[PDB]
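Reviewing the structure listed below.
Because the Cβ atoms are built from the backbone with ideal geometry, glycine has one as well, and the counts that use them run over all protein chains shown. The numbers here are math on the coordinates, done by the rules we state, and not lab data.
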Ligand SMILES: CC(=O)Nc1ccc(Br)cc1
């Protein structure tokens with residue numbers, strides 16, 4: 001893509017420690033799966049392309065971008081050590097949306113729908129075994 005967009009967040013790095021946990025499996029099989037197929041998921045399924053969207057200030061405002069395409073790759077390629085790292089990525093994605101956009105904007109109502117589902121599923125994150 002455009003040189004004016006930053007590289008996406010890291011999804012592969014042999015130096016980073018990684019482990020499978022039952023909680024991370026739940027985050028893939030339940031949480032990501034639930035959110036990915038929601039009617040309002042599509043704006044969140046890949047990094048923001050600030051050039052295509054004509055948002056030249058996006059990556060000036062949002063210095064820790066995150067999206068569900070990145071999270072999906074991190075889960076499927078076993079990038080994480082623990083569930084907290086992945087939950088933080090989802091929280092970062094929502095908070096970026098809420099910081100960049102006006103309350104009540106369509107993109108914010110879409111994010112809020114996904115976050116409500118997220119919260120319900122994370123309240124049920126299984127005990128680590
Ligand atoms: C994820 C996100 O904020 N995307 C986005 C989409 C459209 C506009 Br307009 C602003 C931002």
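Among the residues that make up region 73-86, is at least one of them within 16 Å of the ligand (Cβ to nearest atom) and under 28 Å from residue 13 (Cα atoms)?
Scanning region 73-86, I find no residue that is within 16 Å of the ligand (Cβ to nearest atom) and under 28 Å from residue 13 (Cα atoms), so the answer is no.
Which count do you get for residues in region 107-125 that are farther than 19 Å from residue 37 by Cβ and within 11 Å of the ligand (Cβ to nearest atom)?
Adding up the residues that qualify gives 1.
Hey, among the residues in region 1-37 that are free of Cβ contacts under 8 Å to residues at least 12 places away in the same chain and within 23 Å of residue 115 (Cα to Cα), which one's surrounded by the fewest Cβ atoms within 10 Å (Cβ to Cβ)?
The selected residue is 37.
Would you please name the residue that is nearest to the ligand (Cβ to nearest atom), looking only at residues in region 37-67 that are over 13 Å from residue 10 (Cα atoms) and within 10 Å of the chain's Cα centre (by Cα)? First the steps, then the outcome.
Step one: list which residues in region 37-67 are over 13 Å from residue 10 (Cα atoms), which gives 37-46, 48-63.
Still in the running and within 10 Å of the chain's Cα centre (by Cα): 44-46.
Details: 44: 6, 45: 10, 46: 9 Å.
Selected residue: 44.
Okay, residues lined up against (1) surrounded by fewer than 18 Cβ atoms within 10 Å (Cβ to Cβ); (2) in contact (Cβ under 8 Å) with a residue 40 or more places away in the chain:
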site: 49; (1), (2): yes, yes
site: 62; (1), (2): no, no
site: 65; (1), (2): no, yes
site: 68; (1), (2): no, no
site: 74; (1), (2): no, yes
site: 79; (1), (2): no, yes
site: 86; (1), (2): no, yes
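Among residues belonging to region 88-106 that are within 11 Å of the ligand (Cβ to nearest atom) and surrounded by fewer than 13 Cβ atoms within 10 Å (Cβ to Cβ), point out the one that is nearest to the chain's Cα centre (by Cα).
Checking each candidate, the answer is 99.
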